[PDB]
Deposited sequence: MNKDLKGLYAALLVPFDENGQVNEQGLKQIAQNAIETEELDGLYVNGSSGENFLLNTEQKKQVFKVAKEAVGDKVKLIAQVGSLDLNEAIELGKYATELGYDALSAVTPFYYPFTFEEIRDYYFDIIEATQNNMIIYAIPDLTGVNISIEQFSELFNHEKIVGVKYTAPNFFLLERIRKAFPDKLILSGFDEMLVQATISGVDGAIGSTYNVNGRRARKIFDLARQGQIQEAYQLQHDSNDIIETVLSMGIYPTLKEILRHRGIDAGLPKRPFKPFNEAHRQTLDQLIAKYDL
């Protein structure tokens, strides 16, 4: 199997009027991420896929359509984290046996779980699935204990703290760190991350690779300049409602983008003009 370096699209998901998965749309979006946007993998059933709004079978369904839509070279990570540990294990099992290269799982939220409970949450999932696990982000000393598990191969780092990122990069040199913040990709890149996961790479993945490459290939100034342009895109998208707007941009490419699953509201058409100017300026 792989090491999981590279740039991943946080897979977006198209729905009908009743919060049901549009599979033909979903296949188009996965294929847009690899063939058109030229990314290395898909990060399936994360935040960006409106995962936590779904029921278990929808999650399995998305896991299914995504894996079928792409070649064997395409790296795949499966987010299975859920407040329902039994569900996590079940999705973990289902995903592992579909051939997903690694699992990852959101930290137990809502309740104020203790570190110990958070820790044995990950360990229980690994134990029942025997797949590689990527965690979320916790102190250095607590990472230290998590990464002591041979099956916890790394972290999806989403906290915009570049002091903590550097301490983590220095202390765990042989561990996978993927950054989760699109608008600070070039800062993550020189801070030594091994790749990135991103909702906006569904639309802007070709610029993201240049940032990631130029910044490691010395050409930091040009990389920055491309981060300037991407942050124009990101700030605009964030301002209209990020997921529906991204899917609105993909619809413009002849993709069946469907709707957001409620309680997410659809793209508000009062934003239509501004979005078309954005689509025109950066050619999306």
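Coordinate coverage of the deposited sequence breaks at 1, 139-146, these segments carrying no C-alpha atoms.
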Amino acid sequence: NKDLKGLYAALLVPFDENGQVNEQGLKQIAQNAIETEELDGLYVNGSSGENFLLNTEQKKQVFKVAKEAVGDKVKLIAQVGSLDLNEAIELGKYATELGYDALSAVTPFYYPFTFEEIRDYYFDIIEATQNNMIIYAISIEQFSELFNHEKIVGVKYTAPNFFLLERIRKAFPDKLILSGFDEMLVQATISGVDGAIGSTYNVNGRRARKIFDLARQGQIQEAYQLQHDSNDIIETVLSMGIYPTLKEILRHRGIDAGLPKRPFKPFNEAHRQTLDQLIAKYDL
From here on, numbers count along this sequence of modelled residues.
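According to the PDB record, 250-258 carries the higher mean C-alpha B-factor of the two stretches 222-230 and 250-258. The PDB entry reports B-factors from which the mean C-alpha value can be compared for 71-79 and 201-209; the larger average falls on 71-79. Out of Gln31, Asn45, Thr245, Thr236, the entry records its largest CA B-factor for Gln31.
Which of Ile138, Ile190, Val155, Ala102 has the largest Cα B-factor in the deposited entry comes down to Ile138. Sorting the modelled residues of the chain by their CA temperature factor places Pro160 in the highest third. In the deposited entry, the Cα temperature factor of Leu7 places it in the lowest third of its chain's modelled residues. In this PDB entry, the Cα temperature factor of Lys170 sits in the bottom third of its chain's modelled residues, the lowest group. When the modelled residues of the chain are ordered by their C-alpha B factor, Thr107 lands in the middle third.
In the deposited entry, the Cα temperature factor of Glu117 places it in the lowest third of its chain's modelled residues.
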